[PDB]
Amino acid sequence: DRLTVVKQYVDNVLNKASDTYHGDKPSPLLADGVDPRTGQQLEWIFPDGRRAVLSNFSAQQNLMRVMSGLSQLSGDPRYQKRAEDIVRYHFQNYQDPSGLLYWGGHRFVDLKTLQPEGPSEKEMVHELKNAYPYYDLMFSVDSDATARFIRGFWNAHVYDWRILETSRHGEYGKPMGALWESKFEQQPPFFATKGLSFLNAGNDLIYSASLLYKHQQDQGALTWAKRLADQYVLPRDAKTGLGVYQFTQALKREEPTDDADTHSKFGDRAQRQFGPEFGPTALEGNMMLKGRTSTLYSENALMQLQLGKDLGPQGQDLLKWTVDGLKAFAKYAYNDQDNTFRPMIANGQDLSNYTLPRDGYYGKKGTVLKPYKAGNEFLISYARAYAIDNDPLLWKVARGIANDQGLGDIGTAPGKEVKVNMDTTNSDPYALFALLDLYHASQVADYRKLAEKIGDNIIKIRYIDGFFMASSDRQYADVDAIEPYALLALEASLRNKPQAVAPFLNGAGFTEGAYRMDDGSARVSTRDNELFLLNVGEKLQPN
């Protein structure tokens, strides 16, 4: 019984990941990572050798959704209560006067001391990158405090409201400015700014302002959410419809002297590395490369498709923008012969097998940009887009990914000549989510039958020592694992209660900074993500 498994899992988390440092007066907070063999909680190692237990609430927002969903489906309210208690504790103790929380890429809470920490010396700042926190839970605990966070977030990360110059970094302690009352003047595409309007950070801005609208009827929030979303649509290539990862370019303040020094003060990094051979269209926002295309055509797409549907009539533009981009990416970049996306520039330039002729932001000289396999995250975005626009082009990508992933043939169209692989060994929670999306929209039983098999594979192969891990060899389990989230979505589907579990938008957290190595040296730009990839006996390698 998959629900029983998820229930035991969460019980395990609340046991092993809990605050064991304050006797019989524990906080409600949780450790992000636990070695499921021993119960050892994952630590950050600072310059002097001091160890902090990593408790980063931005990296627990899938877990929060799992706890709320588990309470909804089981009828046991303890999990919802605990999730509420963690939220409350963060508002009470870890919300600065500007509203910002001590979480995100560069701040967390040490579970041992319950003090906020800051692992990156040059960046004691607020940062959310494709995080998508569970604002619905937050609003239900403390709507004021939630709204203060979202307004504080925009206040800190928008450098210039007139032009929507935005940054991935926001300072703590900023007084509140004009916010939504700011005057706006639309600028032409790729205007030059200091702030790098990366879509990974833009995603969280658009999402949070839309949720503030949803909950508080804040029309200013909605106006700016849609406007910021539109900033990534306006610069799209007029011919191909591809792009964009950002809508600004770095203002050139110095003349560069060295290829490998990629500080943005020397100007747009793509123009430096690709400009000589490709001309003016080589700009960072136009670089349709691995990773960037996930942020654009997965993370942004899921969030915008859900928002677009939520808005009804005034969400039709958002849906159009989103689907149009997914169509463009399919038309130009997808190779159905081997289920790959081509690395490209948004002008339609194929970069497949291109050798970088000089060092730079996108790799060292001699690096080869290769077509890359389309993963299950794209199966979700393509399935969801097809649901609202039944375009054979969108279906082709979904069908190609499912085939490549060992799922069999999802058909020539939904419910037409379907031959799913009931013997699949696939255990990817993303595949489970995607099949449920296909089932939900199409009502074709075969898709859910297949999802059940993936769920079973997840339990058989990933449920290890009471936790979920991508491999039995991994040192640490992440309490934010989405395996149980997919399992809950499946259970919700079978119980005809899809609304019991929060929409999956593929958010996740991270923590980044200097981490002290055994020989005493500082490993700069270390990420918790890297720690979760280590197998038993492995150590972080030179970066």
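Quick note: we count residues from 1 along the sequence shown, nothing fancier.
For the pair 151 to 159 and 301 to 309, the mean Cα B-factor is higher in 301 to 309.
Looking at 512 to 520 and 488 to 496 together, the entry lists the larger mean B-factor for 512 to 520, computed on C-alpha atoms. When the C-alpha B-factors of 110, 268, 85, 404 are ranked from the entry, the top spot goes to 404.
The residue among 90, 106, 226, 440 whose C-alpha atom has the highest B-factor in the PDB entry is 440. Annotation for residue 410: CA B-factor lies in the highest third of the chain's modelled residues.
In this PDB entry, the Cα temperature factor of residue 210 sits in the bottom third of its chain's modelled residues, the lowest group. The deposited CA B-factor of residue 295 belongs to the lowest third of values across its chain.
Annotation for residue 101: C-alpha temperature factor in the lowest third relative to the rest of the modelled chain, per the entry.
Sort the chain's modelled residues by C-alpha temperature factor and residue 44 lands in the highest third, per the entry.
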